Amino acid sequence: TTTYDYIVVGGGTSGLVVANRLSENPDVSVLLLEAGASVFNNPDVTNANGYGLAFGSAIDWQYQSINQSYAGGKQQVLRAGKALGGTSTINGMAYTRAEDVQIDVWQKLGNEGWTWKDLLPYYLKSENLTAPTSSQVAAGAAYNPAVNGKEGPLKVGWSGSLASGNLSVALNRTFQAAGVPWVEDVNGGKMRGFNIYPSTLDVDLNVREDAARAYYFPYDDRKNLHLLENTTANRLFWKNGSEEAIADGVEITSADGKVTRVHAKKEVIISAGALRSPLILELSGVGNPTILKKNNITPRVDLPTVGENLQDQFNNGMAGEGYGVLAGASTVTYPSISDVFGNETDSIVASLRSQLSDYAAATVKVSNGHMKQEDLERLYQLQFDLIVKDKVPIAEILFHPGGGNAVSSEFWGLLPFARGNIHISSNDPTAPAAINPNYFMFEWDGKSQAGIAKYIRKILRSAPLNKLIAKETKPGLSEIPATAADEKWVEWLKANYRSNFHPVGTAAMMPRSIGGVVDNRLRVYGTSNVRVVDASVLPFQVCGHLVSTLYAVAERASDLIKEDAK
Ligand SMILES: Cc1cc2c(cc1C)N(C[C@H](O)[C@H](O)[C@H](O)COP(=O)(O)OP(=O)(O)OC[C@H]1O[C@@H](n3cnc4c(N)ncnc43)[C@H](O)[C@@H]1O)c1[nH]c(=O)[nH]c(=O)c1N2
Ligand SMILES: O=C1O[C@H](CO)[C@@H](O)[C@H](O)[C@H]1O
C-alpha cells in the first residue's frame with residue numbers, strides 16, 4: 001500500500017502526537033515519514049542524566065545559521081533531533097509550560113479558540129505525572145494536582161536521585177529574601193517564582209521520556225499506524241488545478257536514494273520542526289513566489305510569509321565555586337522585569353516603549369515588506385504589554401550543581417523582539433537552508449540579557465547563598481569587573497552565547513491578512529488539506545520549555561482534525 005488517509009511528515013515531538021491520536025480511529029490509516037530511526041537503545045538518549053551527549057552526533061541535524069551580524073558575526077548551530085521522537089530525544093527534558101495570559105494573546109491576535117483555558121485540558125491530556133515521594137518533597141518538589149494529568153502518554157516526574165542539599169536550600173532562601181517566592185507548580189499558568197521543576201522522565205525505568213517512548217512504542221502494533229523510518233520527505237505534490245490547492249501526497253527519498261510518492265486521501269500534516277516545515281512548504285510551491293522562482297520552483301500558493309517571523313532565544317552561562325562541595329536539587333527561577341531590574345525598571349520600560357515602532361520598522365525590512373509596519377507594531381505591543389503590564393517572566397534562570405564545588409547557571413531572556421527568517425537555498429531538498437535568527441538585533445534583547453547576568457551575579461553574592469560561594473568563576477571579576485558598563489556585559493554575552501534552540505514562528509498561526517501562514521485550525525492558507533503542527537505555528541515565543549506546549553498544541557490539533565473529518 002502507498003495510499004493512506006493521513007501522512008504525517010516528521011516523526012518528532014509534535015508529529016507523533018498527531019499520528020497517535022488520528023490512529024485511535026481503527027478505520028483511519030496514518031503514515032509517519034521520519035528521516036531518522038529508532039533511538040530506543042541509544043544510550044546518549046535514554047540516559048536521564050545524559051543531556052548534551054548527543055550534541056554533534058548522527059542524531060543531531062546540527063543546522064547552521066548565517067553569520068549573525070548583530071551579534072559579533074559568527075555562525076551558530078541550531079540543534080535538532082534526527083530520530084524517531086525528534087528533538088525530544090536530545091533536549092534537556094525540562095517540563096514547564098507558559099503564562100496563561102501569553103496563550104490568551106493568541107486569540108487576541110485573531111486565532112479563535114486559542115487561549116489558556118482552551119489549551120489547559122490538552123496539557124493535562126498529554127501528561128502522566130508521578131507525584132513526588134516524601135524525600136522528593138523534602139528536596140522541594142511540589143505540584144498542584146488540579147493542573148497535572150495522571151493518565152496521558154507522557155510520563156513526567158522527578159529523578160529518583162533528587163535530594164535536598166546545601167545549594168538548592170541556599171538558593172531557595174536567597175531568592176525568597178530578594179522577593180521572589182517559592183511556587184509549588186510553574187505549570188498552572190503563573191510561572192513567576194523559584195521552583196524544583198519536573199522533567200520528561202519515566203521515573204520507574206529511570207530513562208528519558210521522549211515522544212517516541214510516550215506516543216509511539218506503546219501503540220506501534222496498531223495495524224492502521226505505519227512508519228517509514230530512514231525516509232526523507234522532499235515536497236508535497238498536488239491535484240491538478242491552477243483554485244485552492246489540494247495535496248495529493250508527499251514525494252519521498254528512501255535510504256537507497258530512490259524517489260517515490262506516497263498518497264494521502266484526507267490531509268498531509270507537516271511536523272518536521274520549525275527549521276524544516278517552512279522549507280517543505282517552499283519546495284512544494286507554497287511561499288514567497290520570488291524565492292520559489294529564483295530556486296526553480298513553480299509557485300502553487302502565493303504565501304510570502306512562509307519562513308518569515310522566525311523567533312528564537314539565546315542562552316548564556318555563568319558559574320561559581322563553593323568553599324566546598326555543592327549539592328541538591330536543580331532549580332529554575334522565572335523573574336519578572338521588576339525582579340530583574342528593581343529600581344531601574346521604570347526607565348528600562350520607558351526606553352523599551354520608546355523603541356517599539358523602530359523595532360517594527362526594522363523588522364519590516366527583514367521580510368522585504370511582507371509584514372506590515374502596523375501589524376508588527378500591534379504584535380510588539382502585545383509582547384510589551386505581557387512584559388510590562390502582566391509582568392510575565394522575562395528570564396529563565398537554571399541553577400544546579402556542576403560537580404564538586406561547582407555551581408552552574410544557564411539563562412536566557414524569554415521574550416527578545418528580534419525576528420529573522422529561514423528560506424531554501426536551492427530546490428535540492430538536501431541543500432542547507434539560509435537560517436537567520438537575527439540574534440541581538442534589538443537593544444532590549446541584549447540589555448535584558450545583561451540585566452539577567454547582572455542579577456545572577458548579585459544572587460551569588462546575596463545571603464545566605466554567599467556563605468557557600470567562594471567566588472564567581474564565569475565570567476568572573478577579571479573578565480567583567482564589578483563596575484563594568486552594560487556595553488561590556490553585552491560584548492561578553494555576544495562572544496559566548498548559543499542558540500537556546502527554541503525557534504518558533506516560521507509558519508505562524510495568525511490571520512492571513514496580518515501575515516499568518518496557518519489558520520486557527522493549523523491549515524496552511526491557500527490549501528484545502530495541508531496543516532503544520534509543530535513549533536513553526538507558535539506566533540510568539542512562550543516563557544517555558546517548548547515540548548509541554550507542543551504536545552498540548554498537537555493534542556488540540558488532533559481534535560480539530562477529527563472534527564473536520566466528521
Ligand atoms: C538541545 C536542546 C535542548 C532543549 C530543547 C531543544 C534542543 C535542541 N527544547 C526544545 C524542544 O525540545 C523542541 O522545541 C521540540 O522538541 C521541537 O518539536 P517539534 O515537533 O517542533 O520538532 P522535532 O524536531 O521534535 O520533530 C521534527 C521531526 O521531523 C523529522 N524531519 C525533519 N525534516 C524531515 C524530512 N524532510 N522528512 C522526514 N522527517 C523529517 C526530524 O528528524 C524530527 O524527528 C527543550 N524543550 C523542552 O520542553 N525542555 C527542554 O529541556 C528542552 N531543551
Ligand atoms: O533544559 C534545558 O533547556 C534549554 C532549552 O530549553 C537548554 O538551553 C538548556 O541547556 C537545558 O538545560
# chains A, B, ... in the order shown; residues from 1 in each chain; ligands from 1
$ residues_near_ligand --ligand "ligand 2" --cutoff "9 Å" --atoms "only C-alpha atoms and all ligand atoms" --output "number ranges by chain"
A: 51-52, 91-95, 199, 313-316, 398, 410-412, 498-502, 544-547
$ select_by_dssp --residues "range 51-134 of chain A" --states "strand (DSSP E or B)" --output "ChimeraX atom specification"
/A:60,63-64,77-78,81,94,127-129
$ residues_around --residues "range 29-44 of chain A" --least-positions-apart "4" --cutoff "6 Å" --atoms "only C-alpha atoms" --output "list in words"
residues 4, 5, 6, 7, 8, 9, 10, 11, 50, 53, 54, 82, 83, 84, 224, 225, 226, 227, 228, 229, 230, 231 and 232 of chain A
$ write_last_selection --atoms "N, CA, C and O atoms" --output "CSV table (one decimal), in the first residue's frame"
chain,number,residue,atom,x,y,z
A,4,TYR,N,-2.8,6.3,2.1
A,4,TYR,CA,-3.2,6.4,3.5
A,4,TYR,C,-4.2,7.6,3.6
A,4,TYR,O,-4.2,8.5,2.8
A,5,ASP,N,-4.9,7.6,4.7
A,5,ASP,CA,-5.8,8.7,5.0
A,5,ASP,C,-5.0,10.0,5.3
A,5,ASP,O,-5.2,11.0,4.7
A,6,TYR,N,-4.0,9.8,6.2
A,6,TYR,CA,-3.2,11.0,6.6
A,6,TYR,C,-1.7,10.6,6.5
A,6,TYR,O,-1.3,9.5,6.8
A,7,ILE,N,-0.9,11.6,6.0
A,7,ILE,CA,0.5,11.5,6.0
A,7,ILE,C,1.0,12.5,7.0
A,7,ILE,O,0.7,13.7,6.9
A,8,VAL,N,1.8,12.1,8.0
A,8,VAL,CA,2.4,13.0,9.0
A,8,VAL,C,3.9,13.0,8.7
A,8,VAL,O,4.6,12.0,8.7
A,9,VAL,N,4.3,14.2,8.3
A,9,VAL,CA,5.7,14.4,7.8
A,9,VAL,C,6.5,14.8,9.1
A,9,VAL,O,6.4,16.0,9.6
A,10,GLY,N,7.3,13.9,9.5
A,10,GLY,CA,8.2,14.2,10.7
A,10,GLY,C,7.6,13.4,11.9
A,10,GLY,O,6.6,13.8,12.5
A,11,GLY,N,8.4,12.4,12.3
A,11,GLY,CA,8.0,11.6,13.5
A,11,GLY,C,8.6,12.1,14.7
A,11,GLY,O,9.3,11.3,15.5
A,50,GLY,N,21.9,12.3,30.7
A,50,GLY,CA,22.7,12.4,29.5
A,50,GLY,C,22.6,13.6,28.7
A,50,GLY,O,23.2,13.6,27.6
A,53,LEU,N,25.1,14.7,25.6
A,53,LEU,CA,25.8,13.6,25.0
A,53,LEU,C,25.6,13.5,23.5
A,53,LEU,O,26.5,13.2,22.7
A,54,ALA,N,24.4,13.8,23.0
A,54,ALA,CA,24.0,13.6,21.7
A,54,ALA,C,24.4,14.7,20.8
A,54,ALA,O,24.3,14.7,19.5
A,82,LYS,N,17.4,14.2,14.9
A,82,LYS,CA,17.1,13.3,13.7
A,82,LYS,C,17.0,11.9,14.2
A,82,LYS,O,17.9,11.2,14.4
A,83,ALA,N,15.7,11.6,14.5
A,83,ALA,CA,15.4,10.4,15.3
A,83,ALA,C,13.9,10.2,15.3
A,83,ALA,O,13.2,11.2,15.2
A,84,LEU,N,13.4,9.0,15.5
A,84,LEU,CA,12.0,8.8,15.9
A,84,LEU,C,11.9,9.4,17.3
A,84,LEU,O,12.6,9.0,18.2
A,224,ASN,N,-3.3,0.1,11.7
A,224,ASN,CA,-3.6,1.3,10.9
A,224,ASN,C,-2.5,2.4,11.0
A,224,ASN,O,-2.7,3.5,10.4
A,225,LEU,N,-1.5,2.2,11.8
A,225,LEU,CA,-0.4,3.2,12.0
A,225,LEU,C,0.8,2.6,11.4
A,225,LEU,O,1.3,1.5,11.8
A,226,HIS,N,1.4,3.3,10.4
A,226,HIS,CA,2.5,2.8,9.6
A,226,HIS,C,3.7,3.8,9.7
A,226,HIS,O,3.5,5.0,9.8
A,227,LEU,N,4.9,3.3,9.8
A,227,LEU,CA,6.1,4.1,9.9
A,227,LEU,C,7.0,3.8,8.7
A,227,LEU,O,7.3,2.7,8.5
A,228,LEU,N,7.4,4.9,8.1
A,228,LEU,CA,8.5,4.8,7.1
A,228,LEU,C,9.7,5.6,7.7
A,228,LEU,O,9.8,6.9,7.4
A,229,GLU,N,10.5,4.9,8.4
A,229,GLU,CA,11.8,5.5,9.0
A,229,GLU,C,12.9,5.5,8.0
A,229,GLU,O,12.7,5.0,6.9
A,230,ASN,N,14.0,6.2,8.3
A,230,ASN,CA,15.1,6.4,7.3
A,230,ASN,C,14.6,7.0,6.0
A,230,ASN,O,15.1,6.5,4.9
A,231,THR,N,13.5,7.8,6.0
A,231,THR,CA,12.9,8.3,4.8
A,231,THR,C,12.7,9.8,4.9
A,231,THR,O,12.1,10.2,5.9
A,232,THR,N,13.1,10.5,3.9
A,232,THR,CA,13.1,12.0,3.9
A,232,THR,C,11.9,12.4,3.0
A,232,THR,O,11.9,12.0,1.8
$ select_by_dssp --residues "range 285-466 of chain A" --states "alpha helix (DSSP H)" --output "VMD selection string"
chain A and resid 289 to 294 337 to 341 345 to 366 373 to 388 443 to 460
$ closest_residue --among "A:258, A:276, A:213, A:117" --to "ligand 1" --atoms "only C-alpha atoms and all ligand atoms"
A:276
$ closest_residue --among "A:124, A:280, A:177, A:522" --to "ligand 1" --atoms "only C-alpha atoms and all ligand atoms"
A:280
$ atom_distance --atom1 "CA of residue 475 in chain A" --atom2 "CA of residue 492 in chain A"
8.2 Å
$ residues_around --residues "range 247-257 of chain A" --least-positions-apart "2" --cutoff "6 Å" --atoms "only C-alpha atoms" --output "MDAnalysis selection string"
chainID A and resid 230:239 259:264
$ write_last_selection --atoms "N, CA, C and O atoms" --output "PDB file, in the first residue's frame"
ATOM      1  N   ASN A 230      13.974   6.243   8.284  1.00  0.00           N
ATOM      2  CA  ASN A 230      15.080   6.443   7.325  1.00  0.00           C
ATOM      3  C   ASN A 230      14.553   6.954   5.975  1.00  0.00           C
ATOM      4  O   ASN A 230      15.064   6.550   4.905  1.00  0.00           O
ATOM      5  N   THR A 231      13.530   7.806   6.023  1.00  0.00           N
ATOM      6  CA  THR A 231      12.858   8.267   4.822  1.00  0.00           C
ATOM      7  C   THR A 231      12.687   9.758   4.916  1.00  0.00           C
ATOM      8  O   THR A 231      12.139  10.237   5.922  1.00  0.00           O
ATOM      9  N   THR A 232      13.123  10.487   3.879  1.00  0.00           N
ATOM     10  CA  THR A 232      13.056  11.962   3.912  1.00  0.00           C
ATOM     11  C   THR A 232      11.933  12.448   2.997  1.00  0.00           C
ATOM     12  O   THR A 232      11.862  12.038   1.809  1.00  0.00           O
ATOM     13  N   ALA A 233      11.046  13.289   3.533  1.00  0.00           N
ATOM     14  CA  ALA A 233      10.046  13.955   2.705  1.00  0.00           C
ATOM     15  C   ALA A 233      10.711  15.090   1.939  1.00  0.00           C
ATOM     16  O   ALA A 233      11.401  15.911   2.544  1.00  0.00           O
ATOM     17  N   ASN A 234      10.519  15.128   0.607  1.00  0.00           N
ATOM     18  CA  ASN A 234      11.070  16.215  -0.196  1.00  0.00           C
ATOM     19  C   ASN A 234      10.131  17.405  -0.324  1.00  0.00           C
ATOM     20  O   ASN A 234      10.496  18.579  -0.092  1.00  0.00           O
ATOM     21  N   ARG A 235       8.876  17.115  -0.674  1.00  0.00           N
ATOM     22  CA  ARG A 235       7.864  18.119  -1.021  1.00  0.00           C
ATOM     23  C   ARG A 235       6.528  17.401  -1.164  1.00  0.00           C
ATOM     24  O   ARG A 235       6.461  16.183  -1.310  1.00  0.00           O
ATOM     25  N   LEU A 236       5.478  18.203  -1.074  1.00  0.00           N
ATOM     26  CA  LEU A 236       4.125  17.741  -1.361  1.00  0.00           C
ATOM     27  C   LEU A 236       3.917  17.858  -2.893  1.00  0.00           C
ATOM     28  O   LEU A 236       4.551  18.675  -3.579  1.00  0.00           O
ATOM     29  N   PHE A 237       3.018  17.019  -3.394  1.00  0.00           N
ATOM     30  CA  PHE A 237       2.525  17.192  -4.797  1.00  0.00           C
ATOM     31  C   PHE A 237       1.011  17.334  -4.761  1.00  0.00           C
ATOM     32  O   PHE A 237       0.391  16.906  -3.798  1.00  0.00           O
ATOM     33  N   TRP A 238       0.441  17.944  -5.813  1.00  0.00           N
ATOM     34  CA  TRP A 238      -0.916  18.489  -5.762  1.00  0.00           C
ATOM     35  C   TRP A 238      -1.815  17.835  -6.807  1.00  0.00           C
ATOM     36  O   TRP A 238      -1.310  17.372  -7.813  1.00  0.00           O
ATOM     37  N   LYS A 239      -3.118  17.838  -6.554  1.00  0.00           N
ATOM     38  CA  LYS A 239      -4.092  17.515  -7.602  1.00  0.00           C
ATOM     39  C   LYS A 239      -4.021  18.590  -8.670  1.00  0.00           C
ATOM     40  O   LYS A 239      -3.697  19.735  -8.396  1.00  0.00           O
ATOM     41  N   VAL A 259      13.567   7.998  -5.411  1.00  0.00           N
ATOM     42  CA  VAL A 259      12.473   8.975  -5.224  1.00  0.00           C
ATOM     43  C   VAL A 259      11.129   8.345  -5.625  1.00  0.00           C
ATOM     44  O   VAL A 259      10.999   7.794  -6.744  1.00  0.00           O
ATOM     45  N   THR A 260      10.152   8.353  -4.715  1.00  0.00           N
ATOM     46  CA  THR A 260       8.836   7.795  -4.956  1.00  0.00           C
ATOM     47  C   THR A 260       7.793   8.669  -4.296  1.00  0.00           C
ATOM     48  O   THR A 260       8.125   9.707  -3.703  1.00  0.00           O
ATOM     49  N   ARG A 261       6.532   8.286  -4.492  1.00  0.00           N
ATOM     50  CA  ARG A 261       5.393   9.042  -3.955  1.00  0.00           C
ATOM     51  C   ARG A 261       4.573   8.180  -3.017  1.00  0.00           C
ATOM     52  O   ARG A 261       4.398   6.968  -3.236  1.00  0.00           O
ATOM     53  N   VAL A 262       4.058   8.803  -1.954  1.00  0.00           N
ATOM     54  CA  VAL A 262       3.016   8.238  -1.139  1.00  0.00           C
ATOM     55  C   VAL A 262       1.848   9.219  -1.223  1.00  0.00           C
ATOM     56  O   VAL A 262       2.036  10.447  -1.379  1.00  0.00           O
ATOM     57  N   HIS A 263       0.629   8.674  -1.178  1.00  0.00           N
ATOM     58  CA  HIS A 263      -0.584   9.445  -1.400  1.00  0.00           C
ATOM     59  C   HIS A 263      -1.424   9.587  -0.125  1.00  0.00           C
ATOM     60  O   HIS A 263      -1.496   8.641   0.675  1.00  0.00           O
ATOM     61  N   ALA A 264      -2.028  10.762   0.060  1.00  0.00           N
ATOM     62  CA  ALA A 264      -2.947  10.987   1.185  1.00  0.00           C
ATOM     63  C   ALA A 264      -4.373  11.171   0.675  1.00  0.00           C
ATOM     64  O   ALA A 264      -4.616  11.978  -0.227  1.00  0.00           O
TER      65      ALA A 264
END
$ closest_residue --among "A:485, A:163, A:329, A:270" --to "ligand 1" --atoms "only C-alpha atoms and all ligand atoms"
A:270
$ residues_around --residues "residue 337 in chain A" --least-positions-apart "3" --cutoff "7 Å" --atoms "only C-alpha atoms" --output "JSON, numbers by chain"
{"A": [340, 341, 345, 387, 391, 393, 394]}
$ write_last_selection --atoms "N, CA and C atoms" --output "PDB file, in the first residue's frame"
ATOM      1  N   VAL A 340      14.175  41.502  38.038  1.00  0.00           N
ATOM      2  CA  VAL A 340      15.486  41.639  37.457  1.00  0.00           C
ATOM      3  C   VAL A 340      16.061  43.031  37.649  1.00  0.00           C
ATOM      4  N   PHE A 341      15.224  44.028  37.417  1.00  0.00           N
ATOM      5  CA  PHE A 341      15.769  45.387  37.315  1.00  0.00           C
ATOM      6  C   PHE A 341      15.540  46.308  38.541  1.00  0.00           C
ATOM      7  N   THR A 345      13.582  49.614  36.805  1.00  0.00           N
ATOM      8  CA  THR A 345      12.512  49.075  35.952  1.00  0.00           C
ATOM      9  C   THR A 345      11.807  50.141  35.131  1.00  0.00           C
ATOM     10  N   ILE A 387       5.081  41.797  29.071  1.00  0.00           N
ATOM     11  CA  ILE A 387       6.235  42.040  29.902  1.00  0.00           C
ATOM     12  C   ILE A 387       5.919  43.063  31.016  1.00  0.00           C
ATOM     13  N   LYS A 391       3.392  41.436  33.680  1.00  0.00           N
ATOM     14  CA  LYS A 391       4.595  41.077  34.435  1.00  0.00           C
ATOM     15  C   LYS A 391       4.927  39.614  34.222  1.00  0.00           C
ATOM     16  N   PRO A 393       7.234  36.411  33.257  1.00  0.00           N
ATOM     17  CA  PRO A 393       8.674  36.352  33.447  1.00  0.00           C
ATOM     18  C   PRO A 393       9.468  36.785  32.194  1.00  0.00           C
ATOM     19  N   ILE A 394      10.590  37.460  32.400  1.00  0.00           N
ATOM     20  CA  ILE A 394      11.423  37.933  31.293  1.00  0.00           C
ATOM     21  C   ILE A 394      12.677  37.075  31.103  1.00  0.00           C
TER      22      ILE A 394
END
$ residues_around --residues "residue 174 in chain A" --least-positions-apart "6" --cutoff "9 Å" --atoms "only C-alpha atoms" --output "VMD selection string"
chain A and resid 180 459 to 460 462 to 466
